[PDB]
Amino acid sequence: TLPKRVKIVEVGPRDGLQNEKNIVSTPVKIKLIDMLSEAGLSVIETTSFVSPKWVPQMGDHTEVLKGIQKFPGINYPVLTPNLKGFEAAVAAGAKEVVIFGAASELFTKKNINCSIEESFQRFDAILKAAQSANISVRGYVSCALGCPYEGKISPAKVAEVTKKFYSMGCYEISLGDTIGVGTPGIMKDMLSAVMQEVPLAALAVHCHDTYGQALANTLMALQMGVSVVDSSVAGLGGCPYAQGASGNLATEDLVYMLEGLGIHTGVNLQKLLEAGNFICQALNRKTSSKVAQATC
């Protein structure tokens, strides 16, 4: 049955902003993160130390990590694609880093020319450098509920790659529905396989609402026992491998369900909707949070 409390992992400033059409100034990014920190979130994905040549929406990763207020207890994990970035994150003050993989071969090759195993070496380097450095590492396993190339993905595979992630060092893995094509049935089947090899407390869910399935899939996870789920503020985000629809689950909409369920989150909805409205104006877009819409 449902957990007494859930740790929400806010990805609005990295997963969300990275996949947004308009860009925002550094001071806006910092303001947004500061609002999210004050909103109550205990973990906020701050940026990604990635080569500006590739993803330029994150080019201010250095100045954004040193400019935000480090609230007591809150975590500000950053993405580090490679040793070089992980090196930049460290020297910039990061105390937890995130790495991303996939339970799909075609997806990995079309995004890094390396088979699913070839990708572990690279991560291995970071996980070795992070341990001696005493820095935590979170993992991402996309295509958990399906792939835009291979299509259906065997639960078995998702589990294999997650186990490899957990045993390799990651204290937590985010099983993500990158293209948002999963339905409660798949979430269940996928999670069942994973729980056999990886201890529940280390599991997280990252569902995109590309087809209106994010919340329902998330609920199924909670029923399975997962206690941590990712979400973007105003539903910011989006997937490059999915048409014009939406991206990440709307945090304001998740905490709403969680509160009706009497599940502790420690988040202040009102202060959160405020952060959502803020970033949305600075981005000249309309929120994708239904809760936010029913309040305006």
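Each residue number is its position in the shown sequence, starting from 1.
S.K.: Going by the mean C-alpha B-factor recorded in the entry, which is higher: 96-104 or 167-175?
M.R.: Taking the mean B-factor of the alpha carbons in each, 96-104 is higher.
S.K.: Which is higher on mean Cα B factor in this entry, 145-153 or 217-225?
M.R.: Looking at the record's C-alpha B-factors, the answer is 145-153.
S.K.: Tell me which of 260, 56, 235, 27 tops the list for C-alpha B factor in the record.
M.R.: Of the candidates given, the C-alpha B-factor peaks at 56.
S.K.: Looking at 191, 202, 130, 205, which has the biggest Cα B factor in the entry?
M.R.: Going by the entry's C-alpha B-factors, 130 comes out highest.
S.K.: Taking the values exactly as deposited, rank residue 79 by C-alpha B-factor within its chain and report the matching third: lowest, middle or highest.
M.R.: Its C-alpha B-factor belongs to the lowest third of this chain's values.
S.K.: Lowest, middle or highest third: which one holds residue 140 when the chain's residues are ordered by CA B-factor from the entry?
M.R.: Its C-alpha B-factor belongs to the middle third of this chain's values.
S.K.: Once the chain's modelled residues are ordered by C-alpha B factor and cut into thirds, is residue 8 in the lowest, middle or highest one?
M.R.: For residue 8, whose C-alpha B-factor we compare with every modelled residue in the chain, the answer is the lowest third.
S.K.: Please place residue 275 in the lowest, middle or highest third of its chain according to the CA B-factor in the PDB entry.
M.R.: Tercile = middle for this residue's CA B-factor.
S.K.: Rank-wise, by C-alpha B-factor, drop residue 210 into the lowest, middle or highest third of its chain.
M.R.: Middle third - that is where residue 210 ends up once the chain's C-alpha B-factors are sorted.
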